[PDB]
Amino acid sequence: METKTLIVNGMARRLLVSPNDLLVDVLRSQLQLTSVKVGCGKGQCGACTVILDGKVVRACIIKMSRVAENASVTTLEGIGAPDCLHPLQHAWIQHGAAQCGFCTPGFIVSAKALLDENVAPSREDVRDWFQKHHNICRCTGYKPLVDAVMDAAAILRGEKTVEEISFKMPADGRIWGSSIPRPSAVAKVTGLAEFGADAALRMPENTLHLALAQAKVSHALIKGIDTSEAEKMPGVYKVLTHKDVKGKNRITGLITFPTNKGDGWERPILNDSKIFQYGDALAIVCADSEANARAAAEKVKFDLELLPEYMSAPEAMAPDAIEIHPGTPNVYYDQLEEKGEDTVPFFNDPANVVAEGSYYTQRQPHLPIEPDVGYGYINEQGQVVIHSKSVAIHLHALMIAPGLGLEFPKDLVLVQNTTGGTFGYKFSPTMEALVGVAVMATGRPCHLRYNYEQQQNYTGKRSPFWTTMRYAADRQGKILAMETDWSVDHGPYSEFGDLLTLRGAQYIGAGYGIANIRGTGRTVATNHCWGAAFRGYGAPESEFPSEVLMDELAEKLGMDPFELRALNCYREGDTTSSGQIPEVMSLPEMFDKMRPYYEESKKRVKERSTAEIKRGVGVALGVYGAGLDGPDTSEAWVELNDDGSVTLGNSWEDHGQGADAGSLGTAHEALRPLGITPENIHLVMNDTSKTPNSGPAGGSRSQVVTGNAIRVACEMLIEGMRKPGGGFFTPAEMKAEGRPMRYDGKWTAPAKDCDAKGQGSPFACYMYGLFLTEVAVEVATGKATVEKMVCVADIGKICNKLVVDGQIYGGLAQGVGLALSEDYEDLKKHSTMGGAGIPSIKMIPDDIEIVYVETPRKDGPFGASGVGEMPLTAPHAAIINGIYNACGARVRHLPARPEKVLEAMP
Ligand SMILES: Nc1ccn([C@@H]2O[C@H](COP(=O)(O)OP(=O)(O)OC[C@H]3Oc4nc5nc(N)nc(O)c5nc4C(S)=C3S)[C@@H](O)[C@H]2O)c(=O)n1
Ligand code: FES
Ligand code: FES
């Protein structure tokens with residue numbers, strides 16, 4: 001060891017470090033400059049970017065031995081604080097460039113360094129800078145980030161003033177539909193926002209640090225676990241196994257469908273007799289530090305008997321395959337889909353035009369910049385309190401309580417920390433029971449943190465769909481029948497697997513009036529990573545095949561792909577694939593708005609193709625519902641305060657999409673008659689001991705269901721304040737009358753669950769999108785590049801423009817990674833952020849445009865619908881169609897990697 005004096009943010013600092021310490025750990029653990037985040041931990045995400053002696057570097061790959069004496073270091077805390085904000089922070093906030101905000105510090109530091117060298121960079125300049133510096137963002141779609149940089153540049157040049165680009169309160173007083181920054185913006189652009197890992201530095205002394213001892217084989221029987229050596233290791237307080245669990249040591253699927261072959265009780269908290277997938281946690285180590293715990297976990301020995309490994313749906317379907325879950329077939333669920341008349345006479349008729357095909361959607365990894373993390377402790381009332389990224393706190397409490405041997409809500413409390421994105425993986429419990437297990441055994445606060453390799457090998461994935469479907473149309477182009485078949489590879493754990501399978505009966509071919517449908521669905525258990533909901537939850541996987549086949553049918557009929565769609569879309573008379581009348585009929589109108597953009601891309605693409613680079617254009621229609629199937633309910637309370645302000649209590653979980661902006665905009669709008677201003681609406685959210693059951697932030701339901709519960713609770717407060725015949729009471733007069741201050745609100749969606757053949761009215765609101773893309777294909781290699789994206793959308797009235805804009809940009813970006821680069825197949829190649837193929841800035845076109853068709857929803861709060869999962873419904877189908885359109889190559893098996901595009905090239 002040696003002391004090194006280094007100047008941090010203008011001040012000298014003598015630090016007692018070890019030459020092998022990583023600059024990132026030093027800055028975090030010793031200087032508590034928590035704004036410097038550790039994402040991938042391998043220098044790919046740039047989330048740990050700091051400026052070291054004028055050079056922009058990634059602090060996670062810098063040894064202390066390589067850092068000079070008196071070296072100057074600049075972190076976000078050296079750029080601006082909440083009281084003395086930098087123009088770069090102001091632009092970020094005014095553009096809504098910070099969603100989950102986990103990559104914000106790295107992007108801002110990196111940007112500030114760019115401006116020191118170039119006061120007037122072009123958008124392209126900025127894009128290259130982030131590209132060269134590995135600044136990754138999984139939320140924004142990048143566009144907002146560049147928009148923010150360009151504005152801060154004009155301000156530093158003295159061309160625009162801060163007050164000039166900032167949101168100003170209208171004479172209206174209304175913030176519903178405005179571009180008002182989100183409540184959490186400031187905390188996020190300053191690096192004060194505390195994420196799970198950051199909290200580890202601020203916990204009490206006696207806090208313990210966990211490490212998991214994971215299985216490295218995919219399938220096996222457990223003959224024994226030897227904790228002996230790990231116990232003897234330095235710093236280890238205790239080592240737990242399945243023997244230390246008090247409850248059933250199982251996680252229930254809760255809502256497991258009645259006709260499922262299994263019972264939803266197969267997931268162990270800590271495996272006891274079998275290993276179902278690579279990553280499986282067989283023991284928990286408790287140490288005085290993370291480094292000490294991780295090091296002792298490797299020293300835990302397993303006595304196993306290797307069983308065959310079924311790494312795909314087909315394999316687990318082979319007739320000789322053994323049951324992964326003894327006493328339950330690997331195909332534990334069958335889904336029927338029957339609408340209209342029998343479809344066989346339509347396919348057997350030589351006079352119809354038939355198009356058939358087999359497609360495949362991959363096991364897409366969520367790739368959040370922040371790996372999983374959470375902590376827990378014993379309450380001052382004897383309750384186990386667990387903090388995590390859970391986006392369904394009430395649901396997860398119920399899913400884990402029995403296996404821990406606890407009772408909700410008397411022994412257990414769940415709290416959602418500030419989340420650095422989930423994109424769905426948190427609809428599933430990840431480490432909530434593990435932390436709870438540890439907390440109960442020791443009685444002390446425990447903090448569990450996953451490295452990026454665990455975020456990859458031990459969190460759910462999008463489940464791959466194998467689809468074989470076909471259309472039967474007449475010579476004029478009208479689709480008369482459709483037959484579909486799909487198989488969902490769900491890994492070993494069934495939570496929500498059957499529900500996902502039903503999603504196929506609802507969405508394959510959605511958006512078109514197809515009178516007769518016959519299909520068969522299937523949920524199959526495999527030994528690959530289990531399935532956790534992924535933004536789209538059934539839409540991206542169902543609509544990819546139907547939208548690609550649609551273009552294949554168009555070619556067989558000799559009709560334009562865009563015009564063909566325009567011909568079959570919903571119209572008065574048509575119903576969905578569940579037999580439900582669509583809540584709005586704006587499709588014809590959406591096609592009309594899209595048409596001008598389509599025909600221009602048609603000319604522009606032909607007029608720009610090179611002999612070495614062919615360019616093409618592709619379209620696709622995506623549809624998804626807002627809300628969970630059936631009578632989906634939400635709760636919320638509003639309480640009047642003495643100073644006349646209001647405190648809103650809800651459980652609108654935030655993945656970083658902007659649940660805060662949504663609660664505020666909805667409350668404010670509903671509280672109009674009382675004149676409440678935005679700064680007078682306090683928010684108490686996501687804590688089962690304080691906030692009501694609002695339901696999960698999944699299914700793109702929050703804005704509609706929860707929005708309505710918030711709306712309702714406000715209307716009750718308004719009525720509670722009514723002075724007999726004359727106006728309103730005051731917080732003062734209210735107290736005197738002994739009148740209640742808090743008002744509870746609830747709302748139930750007017751929908752009905754689907755029956756055994758997939759029919760019914762499962763969602764009250766839908767989200768519709770028309771995608772158009774211009775892709776360039778390098779004929780020589782097969783490397784495709786999305787050059788432009790236009791998206792016409794109908795999501796009802798907008799609650800917050802910055803939020804919805806940022807949601808569409810972000811959604812379209814993941815759409816590109818889904819089509820061109822992402823996957824979780826090879827356990828070693830796909831265990832790192834870059835390996836799995838997360839899109840870097842240059843992969844996303846700077847040229848993205850959005851057109852909104854604000855048709856209002858009868859059942860939405862103020863006529864609004866969801867937006868969450870809409871931008872990921874069919875943008876991948878569009879990219880794929882574009883590629884065929886460019887070079888004639890047709891890829892039905894995602895992702896369309898270069899060599900894959902090459903193979904398919906006629
Ligand atoms: N007409 C509308 C509709 C929605 N919104 C806003 O848009 C956001 C998304 O609303 P909604 O579609 O109702 O979805 P939820 O709040 O239920 O969020 C869940 C959704 O959010 C998504 N967006 C994400 N965005 C980010 N940055 N990170 C994630 O992990 C995200 N996870 C995905 C996934 S997956 C899901 S299911 C909310 O801030 C809402 O207030 C709006 O301003 N106006
Ligand atoms: S680049 Fe350092 S944590 Fe990712
Ligand atoms: S805002 Fe960039 S990763 Fe979430």
# chains A, B, ... in the order shown; residues from 1 in each chain; ligands from 1
$ residues_near_ligand --ligand "ligand 2" --cutoff "6 Å" --atoms "only C-alpha atoms and all ligand atoms" --output "ChimeraX atom specification"
/A:38-48,58-60
$ residues_near_ligand --ligand "ligand 1" --cutoff "7 Å" --atoms "only C-alpha atoms and all ligand atoms" --output "compact mmCIF listing (two decimals) with C-alpha atoms, in the first residue's frame"
# COMPACT_ATOMS: atom_id res chain seq x y z
CA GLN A 99 -35.10 8.20 -17.94
CA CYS A 100 -33.88 5.59 -15.53
CA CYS A 139 -33.50 3.63 -22.55
CA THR A 140 -33.53 6.78 -24.72
CA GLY A 421 -34.16 -0.02 -16.05
CA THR A 422 -35.63 -3.53 -16.27
CA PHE A 423 -37.51 -3.71 -19.59
CA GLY A 424 -39.53 -6.48 -18.04
CA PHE A 534 -39.86 -8.62 -21.93
CA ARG A 535 -41.24 -5.32 -23.28
CA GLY A 536 -43.75 -6.58 -25.83
CA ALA A 626 -52.91 -1.73 -22.37
CA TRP A 652 -46.84 2.89 -9.96
CA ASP A 654 -40.81 2.94 -12.14
CA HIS A 655 -38.52 1.08 -14.53
CA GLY A 656 -37.34 4.60 -15.38
CA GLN A 657 -40.15 5.15 -17.91
CA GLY A 658 -41.41 8.11 -15.91
CA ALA A 659 -43.97 6.80 -13.42
CA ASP A 660 -43.37 10.05 -11.49
CA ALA A 661 -44.31 12.29 -14.43
CA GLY A 662 -47.38 10.13 -14.99
CA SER A 663 -48.64 10.32 -11.43
CA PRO A 696 -47.45 -4.18 -11.74
CA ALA A 697 -45.82 -1.68 -14.12
CA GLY A 698 -46.16 -4.31 -16.80
CA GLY A 699 -48.63 -4.86 -19.61
CA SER A 700 -48.45 -1.13 -20.42
CA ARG A 701 -51.24 -0.77 -17.87
CA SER A 702 -50.15 1.89 -15.39
CA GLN A 703 -51.28 5.03 -17.28
CA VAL A 704 -54.75 3.57 -17.99
CA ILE A 795 -51.86 5.79 -27.96
CA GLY A 796 -54.71 8.19 -27.17
CA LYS A 797 -54.13 11.51 -25.49
CA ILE A 798 -50.56 12.25 -24.33
CA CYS A 799 -50.01 12.74 -20.56
CA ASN A 800 -46.37 13.84 -20.98
CA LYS A 801 -44.74 14.48 -24.38
CA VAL A 803 -42.07 10.72 -21.68
CA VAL A 804 -43.95 9.28 -24.67
CA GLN A 807 -40.52 5.79 -24.87
CA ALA A 864 -55.25 8.34 -22.81
CA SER A 865 -53.96 4.81 -23.49
CA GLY A 866 -50.66 3.10 -22.68
CA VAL A 867 -47.44 3.45 -24.68
CA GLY A 868 -44.89 1.32 -22.85
CA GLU A 869 -44.73 -1.72 -25.08
$ atom_distance --atom1 "CA of residue 760 in chain A" --atom2 "CA of residue 497 in chain A"
19.9 Å
$ closest_residue --among "A:623, A:415, A:24, A:877" --to "residue 506 in chain A" --atoms "only C-alpha atoms"
A:623
$ residues_around --residues "residue 889 in chain A" --least-positions-apart "6" --cutoff "7 Å" --atoms "only C-alpha atoms" --output "JSON, numbers by chain"
{"A": [883, 901, 904, 905, 906]}
$ select_by_dssp --residues "range 219-274 of chain A" --states "helix (DSSP H, G or I)" --output "MDAnalysis selection string"
chainID A and resid 228:232 242:244
$ residues_around --residues "residue 650 in chain A" --least-positions-apart "4" --cutoff "9 Å" --atoms "only C-alpha atoms" --output "list in words"
residues 635, 636, 637, 638, 663, 683, 684, 685, 686, 687, 690, 691, 692, 693, 694, 706 and 710 of chain A
$ atom_distance --atom1 "CA of residue 68 in chain A" --atom2 "CA of residue 27 in chain A"
15.0 Å
$ closest_residue --among "A:840, A:582, A:120, A:381" --to "ligand 3" --atoms "only C-alpha atoms and all ligand atoms"
A:840
$ atom_distance --atom1 "CA of residue 492 in chain A" --atom2 "CA of residue 216 in chain A"
15.3 Å
$ select_by_dssp --residues "range 116-273 of chain A" --states "strand (DSSP E or B)" --output "ChimeraX atom specification"
/A:195,208-214,220-226,236-240,250-251,267-268
$ write_last_selection --atoms "C-alpha atoms" --output "mmCIF file, in the first residue's frame"
data_model
loop_
_atom_site.group_PDB
_atom_site.id
_atom_site.type_symbol
_atom_site.label_atom_id
_atom_site.label_comp_id
_atom_site.auth_asym_id
_atom_site.auth_seq_id
_atom_site.Cartn_x
_atom_site.Cartn_y
_atom_site.Cartn_z
ATOM 1 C CA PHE A 195 -29.520 3.161 -6.941
ATOM 2 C CA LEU A 208 -23.522 -8.175 5.626
ATOM 3 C CA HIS A 209 -22.691 -8.698 1.926
ATOM 4 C CA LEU A 210 -23.947 -11.602 -0.095
ATOM 5 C CA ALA A 211 -22.575 -13.746 -2.873
ATOM 6 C CA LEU A 212 -24.257 -16.620 -4.678
ATOM 7 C CA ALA A 213 -22.693 -20.045 -5.349
ATOM 8 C CA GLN A 214 -24.125 -20.809 -8.795
ATOM 9 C CA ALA A 220 -28.197 -32.335 -12.921
ATOM 10 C CA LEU A 221 -29.193 -34.094 -9.674
ATOM 11 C CA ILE A 222 -27.825 -32.699 -6.389
ATOM 12 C CA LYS A 223 -26.071 -35.428 -4.372
ATOM 13 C CA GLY A 224 -24.565 -32.993 -1.865
ATOM 14 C CA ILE A 225 -23.383 -29.488 -0.993
ATOM 15 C CA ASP A 226 -20.144 -28.899 0.910
ATOM 16 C CA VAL A 236 -17.453 -15.050 6.018
ATOM 17 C CA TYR A 237 -20.124 -14.643 8.728
ATOM 18 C CA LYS A 238 -22.145 -17.670 7.599
ATOM 19 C CA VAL A 239 -22.945 -19.854 4.545
ATOM 20 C CA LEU A 240 -26.577 -20.823 3.856
ATOM 21 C CA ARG A 250 -40.556 -22.468 -3.478
ATOM 22 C CA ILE A 251 -41.772 -19.497 -5.492
ATOM 23 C CA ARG A 267 -39.095 -22.840 -8.666
ATOM 24 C CA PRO A 268 -36.905 -23.453 -5.605
#
$ residues_around --residues "residue 602 in chain A" --least-positions-apart "6" --cutoff "10 Å" --atoms "only C-alpha atoms" --output "ChimeraX atom specification"
/A:616-618,774
$ write_last_selection --atoms "N, CA, C and O atoms" --output "mmCIF file, in the first residue's frame"
data_model
loop_
_atom_site.group_PDB
_atom_site.id
_atom_site.type_symbol
_atom_site.label_atom_id
_atom_site.label_comp_id
_atom_site.auth_asym_id
_atom_site.auth_seq_id
_atom_site.Cartn_x
_atom_site.Cartn_y
_atom_site.Cartn_z
ATOM 1 N N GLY A 616 -33.108 -0.630 -49.022
ATOM 2 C CA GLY A 616 -34.504 -1.015 -49.122
ATOM 3 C C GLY A 616 -35.390 -0.358 -48.080
ATOM 4 O O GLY A 616 -34.899 0.301 -47.159
ATOM 5 N N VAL A 617 -36.703 -0.518 -48.240
ATOM 6 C CA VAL A 617 -37.687 0.049 -47.309
ATOM 7 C C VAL A 617 -38.675 -1.027 -46.833
ATOM 8 O O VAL A 617 -39.128 -1.862 -47.624
ATOM 9 N N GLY A 618 -38.973 -1.019 -45.535
ATOM 10 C CA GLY A 618 -39.899 -1.991 -44.983
ATOM 11 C C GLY A 618 -40.944 -1.407 -44.051
ATOM 12 O O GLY A 618 -40.674 -0.454 -43.329
ATOM 13 N N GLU A 774 -35.836 2.465 -43.425
ATOM 14 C CA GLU A 774 -34.960 2.471 -44.579
ATOM 15 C C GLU A 774 -33.677 1.800 -44.083
ATOM 16 O O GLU A 774 -33.075 2.252 -43.093
#
$ residues_around --residues "residue 131 in chain A" --least-positions-apart "5" --cutoff "9 Å" --atoms "only C-alpha atoms" --output "count of residues only"
5
$ closest_residue --among "A:370, A:83, A:69, A:124" --to "ligand 3" --atoms "only C-alpha atoms and all ligand atoms"
A:370
$ residues_around --residues "residue 246 in chain A" --least-positions-apart "4" --cutoff "10 Å" --atoms "only C-alpha atoms" --output "MDAnalysis selection string"
chainID A and resid 242 402:406 437 440:441
$ closest_residue --among "A:537, A:809, A:471, A:427" --to "ligand 3" --atoms "only C-alpha atoms and all ligand atoms"
A:809
$ closest_residue --among "A:409, A:204, A:720, A:420" --to "ligand 3" --atoms "only C-alpha atoms and all ligand atoms"
A:420
$ closest_residue --among "A:394, A:86, A:66, A:143" --to "ligand 3" --atoms "only C-alpha atoms and all ligand atoms"
A:143
